Structures are given as C-alpha cells and as structure tokens.
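# Close look at the chain arrangement
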Amino acid sequence: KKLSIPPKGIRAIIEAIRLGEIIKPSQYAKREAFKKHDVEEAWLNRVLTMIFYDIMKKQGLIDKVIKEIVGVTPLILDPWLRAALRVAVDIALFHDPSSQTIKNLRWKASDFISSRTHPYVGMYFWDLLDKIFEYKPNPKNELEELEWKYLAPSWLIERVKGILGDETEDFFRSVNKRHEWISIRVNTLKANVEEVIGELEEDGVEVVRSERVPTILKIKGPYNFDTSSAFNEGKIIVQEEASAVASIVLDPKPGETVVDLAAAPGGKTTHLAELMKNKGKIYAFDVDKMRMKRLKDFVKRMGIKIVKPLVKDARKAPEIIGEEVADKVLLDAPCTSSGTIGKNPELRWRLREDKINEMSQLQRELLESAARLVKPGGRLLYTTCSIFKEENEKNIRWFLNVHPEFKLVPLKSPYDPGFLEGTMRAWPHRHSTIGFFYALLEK
Ligand SMILES: Nc1ncnc2c1ncn2[C@@H]1O[C@H](C[C@@H](N)CC[C@H](N)C(=O)O)[C@@H](O)[C@H]1O
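## Remarks on the UniProt feature "active site" (unreviewed entry) in the chain
The UniProt record marks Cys385 with the feature "active site" (unreviewed entry), using the residue numbering of this structure. Checked against the element boundaries, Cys385 lands in the loop between β9 (374–384) and α17 (393–402). With sequence-adjacent residues up to four places away left out, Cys385 is seen in contact with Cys335, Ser337, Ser338, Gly339, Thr340, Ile434, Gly435 and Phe436.

## Concerning the site of the ligand
Every one of the 20 residues lining the ligand counts as a neighbour, but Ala262, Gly267, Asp286, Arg291 and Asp332 are closest to it. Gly267 places a polar main-chain atom, nitrogen or oxygen, 2.9 Å from an oxygen atom of the ligand. In this structure, a nitrogen atom belonging to the ligand sits 3.4 Å away from a side-chain N or O atom of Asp313. Considering the ligand on its own, with 590 Å² of exposed area, one finds that the protein chains cover 86% of that surface.

## Overview of the packing of helix α16 (residues 356–371) against α17
Orientation of α16 relative to α17, taken along the N-to-C sense of each, is 40°, at an axis distance of 10 Å. Between α16 and α17, the crossing angle belongs to the class labelled oblique. Note that α16 runs across α17; the crossing there is right-handed. Seen from α16, the contacting residues are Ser360, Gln363, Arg364, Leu367 and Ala371; seen from α17, they are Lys394, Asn395, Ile396, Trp398 and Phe399. Residues that form the contact of α16 with α17 fall into these classes: five nonpolar, three polar and two charged.

## Comments concerning the domain arrangement of the chain
Partitioning the chain into structural domains gives domain 1 (1–152), domain 2 (153–180), domain 3 (181–238) and domain 4 (239–443). Computed from C-alpha coordinates alone, the two centres of domain 2 and domain 3 are separated by 30 Å.

## Details of the pairing of strand β5 (residues 257–260)
Of the two faces of β5, the one lined by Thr257 and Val259 and the one lined by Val258 and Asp260 are each fully buried. In terms of strand pairing, β5 meets strand β6 (residues 281–285) through four bridges, oriented parallel. Bridge pairing in β6 links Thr257 to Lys281. Where the polypeptide runs from β5 across helix α13 (residues 267–275) and back to β6, its parallel neighbour, the crossover connection is right-handed. As paired elements, β5 and strand β8 (residues 326–332) share three bridges and run parallel to each other.

Criteria and cut-off values
- Residues numbered from 1 in each chain as written, not as in the entry; some residues may be left out.
- Heavy atoms only, no water.
- Residues with missing side-chain atoms left out of burial classes, pairs and counts.
- UniProt positions renumbered as here; feature names shortened; annotations may be inferred.
- Helix = DSSP H or I, 4+ residues; strand = E, 2+ residues; numbered from the N terminus.
- Contact = heavy atoms within 4.5 Å.
- Near = heavy atom within 4 Å.
- Polar contact = N/O pair within 3.5 Å; in protein donor to acceptor, adjacent residues only side chain to side chain.
- Areas by Shrake-Rupley, 256 points an atom, 1.4 Å probe, with all protein chains shown as cover.
- Axes fitted to C-alpha atoms, helices over the stretch in contact; angles between N-to-C directions.
- Parallel < 35°, antiparallel > 145°, perpendicular 65-115°, else oblique.
- Left-handed = near helix turned anticlockwise from the far one by under 90°.
- Nonpolar A, V, L, I, M, F, W, Y, C, P; charged D, E, K, R; others polar.
- Domains from an automatic or database assignment.
- Buried < 20%, exposed > 50% of the residue type's maximum accessible area, 1.4 Å probe, protein only.
- Pairing = 2+ DSSP bridges.
- Right-handed = clockwise from strand over helix to strand, strands pointing away.

What follows is the structure in structure tokens.
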C-alpha cells in the first residue's frame, strides 16, 4: 500500500534532521537518533535513512516551500520546529504517506517537539500541518525549474557548468542517486581482505571489492559500526576509495619520517602507517581537539604505534618539529567538500562562494608551511575533496610560481587528468567515488 511510519520512527527522523544540523558528518547524527529511538527493524531503518538523505538532498528546496507556507525563512525558527517542518514537507510532497503516518505527524510529532521545547511550538506545528498537506507545488521561474531538476542551488549549477560543461547533468545524477553503499578500508596491519569479506558475508551484508584499491570494500547499508566485531577490533575504517588512493600515491616507506599536516579524524594518517608497516614516524597536526580524540581512538584500536599527535596550528611547524625534516608530507587540506555532495547531500545548500576563496587562502598558507617541511629529496602530496579549480589547479599553479623549488610529478593511475597536466581528479559520475584532487610535488 503506502508509507506507514510508527511513532518512534516519526520522532527518529525529526531528531536525526535536528541533530544533523549540529553534528557533522550527519551520519553520526542519524546513528545517534536511531539508537536513541530504538530503530531495530531493518525495514524501518532503510525507509527512514532514505527519507533522511532525501531531506538533506532537497533541503534548500524544502526550505523555500516552508517560506511560502509559513511566511518567513525556517532559519529564524526554533531548531526542533525547523526539523519537524522539513520532515513533514518532504513526506507530504514526495513520499505519499498513509493515513496513520499523517496521524502520527499530527499527534506524535507535535508532542515530541513540545517536550524538547515548549507546548507553544508543538501547537504552532499542529496549526501548520493542513497547509503543508494542501500545498500546491508551483515552479514558475526557469531558474526554479532548473534548481528542481538538479536538486541544487543556481550558483552551484552554474559553477559546475563552468567546470564540466556537457557532463554537468551526469554529475548531478551521480550525486543524486540512492543507493545505500558505504565505503570502508581494511586495516592490513591487523586483518586481511578475504577474512573481512567473509565476516561481513557471515552477516547479511552485501560486499563489493574495489578494483582500483583491493583494500577498499563497498558494503550495502545499513551497517551498525558500534556493534561490529570488525570495527571494534580495528580491522576496518570508513574511507572513500579516492581518499585511500591519496596515501598510496604519496607512497611512504617504512622507517621514513612523514607529516600529515591536516590529519583528523585520521583516515589517511592511519593508512600511511599501514604502508610504512608500523615503522618510522608520523607527525599528525589538527586544530580540532574533538576530531583529534577520534584519531587517537583509531590509532590504538588499529594497532598503530608510530603516530605522534599534535593539536596545533599547521601553519606553525617549521619551528615546531623542524625545517627540512620530512621525507614526505601529506596535505589533505581543509576544503569546501563540494566533491562530497553525493555522500553528504546537504552540503550543496550550506556551501558559500565566499567561502571558496577563504578556504583557498588557508590552503595556500598550509601549502607554504608544507613546502618548508620537505627534504630536498622529499615529496609533497596536496589533496582536497573539492571540485573547484580555485582550491585545486589554481592553488598548484600559484605554488609552482612562488616555489622554487618544487616540480609536478605526473600522475595517471587510477583516475583522470586534472586541468593542469600532471594532476589527477576523481569524479562521482566517472568513478563512483567522491570528487577528489591530487597534486604530487617534489623538490
Ligand atoms: N590550520 C589548521 N591546522 C591544522 N589542522 C587544520 C587547520 N585547518 C583545518 N584543519 C583540519 O583539517 C581537517 C580537514 C579534513 N579534510 C582532514 C581529513 C583527514 N586528512 C582524514 O583523511 O581523515 C579538519 O579536521 C580540520 O580541523
């Protein structure tokens, strides 16, 4: 028949959508909310997960609808109200709910947000429900029609067109597909691939091994990591294929001294240690103390013992660890994350233009800090998970202009050429991984 969501399910997505605003990446929020409200059933877990990503993906469009109905941007409203309104608008417009579900929205959702806030906000929600269910979707503008096809803001659509041209439609298709796959890396230091595959297939988990990096596995969700034997023993870590390639490209050797200039939560720095076979030294810098504690949790659980974590600004060092002291440095630079809009769909709506240039300047000063850490024979790898030239090819052309003395080491495997020859790019619509950029440099 139709879509029937139980009361605990209604409270679940509301809390997930609310927490998704303050906990990033939003997957952690979804996990937290689902365990809080006891979503044990796989069928409910699937349905609510699908709705979760549908809301994230269409957030900006949903908000425009809320503004038409309510009269103001939902951004000035209470967080629980905003979350409830987003859930209700998405369910009413897209998911054709059964009478029981609309009843649970009316009574159980109103009550839930009241208990988290004040009776008046539940009442206000209750007063809006009928307007939402009677709302006639009306895309008038050629701009509004465009935004509804790609599920993206006009500025982003325009900016992608300037980069991909004919491929723009395919790009948005690939970041719009659903799709329930999670990418993980097998910790070779503590387990082997087939053993992990078998343990996953021992559960009801569908597994597909990556052809580009055989330690990467795609698993079909939902998958509980805090009850997983493989995860709690440190055999597996969540990482995209593109991110795994980064460490392999830099190619750190056992006994070398390596720097991960922006390291937390530690997907790549933990991978660098595998390639160095738990020998040598890794200096791991990150300004975020709360992200660094995750890296420390991963390091010891995964049996890593060569990582020295440093909660400091990465523009410092030199004169923290030394000048030309690194055999090779990885700069997986803080960035816009625009290449990850398939994985974290809501980012397409939260991104600004401004701050593309703000991130671009930070990357350059980390890049200058990286340059001075590299030994004469050493190598520097610069990566972002951004698709913008401003953060990528532009930042490398600048680097090759001011430095003296680096040169670009040509890259081919396993992805495609970037817009500067010798650089490499991954694309969602070409490679089924996140948008990514690679620049390998040596003195
Ligand atoms: N100036 C800075 N110094 C050190 N870390 C920074 C600085 N600016 C941003 N960061 C960190 O850069 C990180 C960006 C992430 N893309 C790093 C991911 C990491 N390389 C991984 O593979 O797990 C965030 O954790 C930021 O806290």
